[PDB]
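**Q**
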Amino acid sequence: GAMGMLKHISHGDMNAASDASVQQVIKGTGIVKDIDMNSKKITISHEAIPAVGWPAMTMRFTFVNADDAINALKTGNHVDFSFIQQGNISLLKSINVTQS
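Here it is as structure tokens:
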């Protein structure tokens, strides 16, 4: 053996953490069918999302904020998006134009 080990990596730190956030923002893609800003729902005709197990069909994703993206993008445009499953309520987390 060869004595004289070199401490390259060390902590010198005292912390503790215990979490694994499994609430992943469920991203899909589809074409904007309608945006009802009065009813606060973006109706996106979405392609097959295997994550939730919803095939190629339309769905109203309810949005928290009428964002620059939401306001500038409209019916006929192909977007990507992100949402969560709040019971049966699809609460739209984010929505981006996939080609720009």
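Each residue of the sequence shown is one higher than the last, beginning at -3 in the authors' numbering.
Ideal Cβ placement from N, Cα and C applies to all residues, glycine included.
For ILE40, tell me which candidate among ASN34, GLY26, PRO51 has the shortest Cα-Cα distance.
**A** For the purposes of this step, residue 40 is identified with residue 44 of the sequence shown, where counting begins at 1. Among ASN34, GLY26, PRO51, the Cα nearest to that of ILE40 belongs to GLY26.
**Q** Once DSSP output is grouped into helix, strand and coil, what is the label at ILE66?
**A** On the sequence shown, position 70 is the one that residue 66 refers to. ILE66 falls in the helix class under three-state DSSP.
**Q** Quick check: the Cα distance between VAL60 and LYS3, rounded to an integer number of angstroms?
**A** Here residue 60 corresponds to residue number 64 of the sequence shown, with the count starting at 1. Here residue 3 corresponds to residue number 7 of the sequence shown, with the count starting at 1. Whole-angstrom Cα-Cα distance: 51 Å.
**Q** Mapping the DSSP letters down to three states, classify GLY0 as helix, strand or coil.
**A** Translated into positions along the sequence shown, residue 0 becomes position 4. Coil.
**Q** For the pair the segment 13 to 32 and the segment 62 to 75, tell me if three or more CB-CB distances fall below 8 Å.
**A** Yes, they touch.
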